[PDB]
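# Fold and geometry: a report
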Amino acid sequence: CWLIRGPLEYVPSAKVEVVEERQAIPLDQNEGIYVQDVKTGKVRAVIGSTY
Amino acid sequence: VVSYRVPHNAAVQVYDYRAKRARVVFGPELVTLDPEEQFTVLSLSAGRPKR
Amino acid sequence: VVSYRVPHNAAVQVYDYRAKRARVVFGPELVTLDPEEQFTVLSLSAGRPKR
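Rules used in this analysis
- Residues numbered from 1 in each chain as written, not as in the entry; some residues may be left out.
- Chains lettered and ligands numbered in written order.
- Part of a larger assembly, values for the part shown.
- Heavy atoms only, no water.
- Contact = heavy atoms within 4.5 Å.
- Buried area = accessible area lost by both parts, 1.4 Å probe.
- Polar contact = N/O pair within 3.5 Å; in protein donor to acceptor, adjacent residues only side chain to side chain.
- Pairing = 2+ DSSP bridges.
- Helix = DSSP H or I, 4+ residues; strand = E, 2+ residues; numbered from the N terminus.
- Axes fitted to C-alpha atoms, helices over the stretch in contact; angles between N-to-C directions.
- Salt bridge = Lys/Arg side-chain N within 4 Å of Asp/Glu carboxyl O.
- Buried < 20%, exposed > 50% of the residue type's maximum accessible area, 1.4 Å probe, protein only.

Header annotation of the entry names X-ray crystallography as the structure determination method and lists the resolution as 3.50 Å.

Written as structure tokens, this is what we have:
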């Protein structure tokens, strides 16, 4: 699987399937969330700007 | 990301269990717990004179 | 923007948690709390003689 972002217009190609709409994560000064890289199980904590 | 604002004249101790390192901070600052950090839950005496 | 008018002969302490800096001001002025600043809530004795 992979992610496509940026100000553009996408369409389901004749080979791929859309899984989900990546959204909803805004962070500011001294704020963040916990994320786990599923491939390696590397739990970490990103903070600061939007991610 | 769980974060606690430390009082002006107080202190808090945490330990990053994943990395094996302790840390303690004091003053009017905010502690941001890393993915495996935990606060030192200190049960103290209080109530009416001392319990 | 939350702002409090400090009394003539009094003082107030705040801490900008995002930037890690404390500040205290006195006199007949108005304190304007930055996005992550907070007042020092000081619970004092009062009531009838002293509580």
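Back to the write-up after that little detour.
With 6 residues of chain B in contact, the opposing surface of chain C contributes 8 residues. In total, about 680 Å² of surface goes out of reach between chain B and chain C, with carbon and sulfur atoms giving 55% of it. Contact with chain C buries surface across chain B, with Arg-5, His-8 and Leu-30 of chain B losing the most and accounting together for 66% of the total. Our enumeration of links across chain B and chain C arrives at 5 residue pairs in polar contact.

Attention now moves to the sheet that holds strand β3 (residues 21–26) of chain B. Residues and elements named next belong to chain B. Taken in spatial order, the 3 strands make up an open sheet running β3-β2-β5, and their pairing is antiparallel. Edge positions in the sheet fall to β3 and β5 (37–39), since each of these pairs with one other strand and no more. Here the average twist between neighbouring strands, direction ignored, is 25°. Bridging between strand β2 (residues 11–16) and β3 involves 6 bridges; their strand directions are antiparallel. Bridging from a neighbouring strand, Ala-11 pairs with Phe-26 of β3.

As a further point, take the side chain of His-8 of chain B. Looking at the element boundaries, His-8 of chain B is found in the loop between β1 (3–5) and β2. Side chain to side chain, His-8 of chain B and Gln-13 of chain C meet in a polar contact 3.4 Å long. In terms of polar contacts, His-8 of chain B uses its side chain to reach the side chain of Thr-40 of chain C, at 3.3 Å. Apart from residues no more than four positions distant in its own chain, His-8 of chain B is found in contact with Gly-27 and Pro-28 of chain B together with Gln-13, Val-14, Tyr-15 and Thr-40 of chain C.

Our focus in this paragraph is the pairing of strand β2 (residues 11–16) of chain C. Residue and element names in this part refer to chain C. Between the end of β2 and the start of strand β3 (residues 21–26), which pair antiparallel, lie 4 residues, with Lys-20 showing a positive phi angle near 65°. As paired strands, β2 and strand β5 (residues 37–39) are joined by 3 bridges and run antiparallel to one another. By the bridge assignment for β5, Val-14 is matched with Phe-39.

Our next topic: the pattern of salt bridges. Applying the stated criterion across every chain, the model contains 5 salt bridges over all chains. Between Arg-23 of chain B and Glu-37 of chain B there is a salt bridge, with its nearest N and O atoms 3.2 Å apart. You can see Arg-23 of chain B sitting in strand β3 and its partner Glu-37 of chain B sitting in strand β5, a full 14 residues away along the chain. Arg-23 of chain B sits in the partly exposed class, given a relative accessible area of 39%. Owing to a relative accessible area of 4%, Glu-37 of chain B belongs among the buried residues under this scheme. Measuring nitrogen to oxygen at the nearest pair gives 3.7 Å for the salt bridge that ties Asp-16 of chain C to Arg-21 of chain C. Judged by relative accessible area, which is 3%, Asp-16 of chain C ranks as buried.

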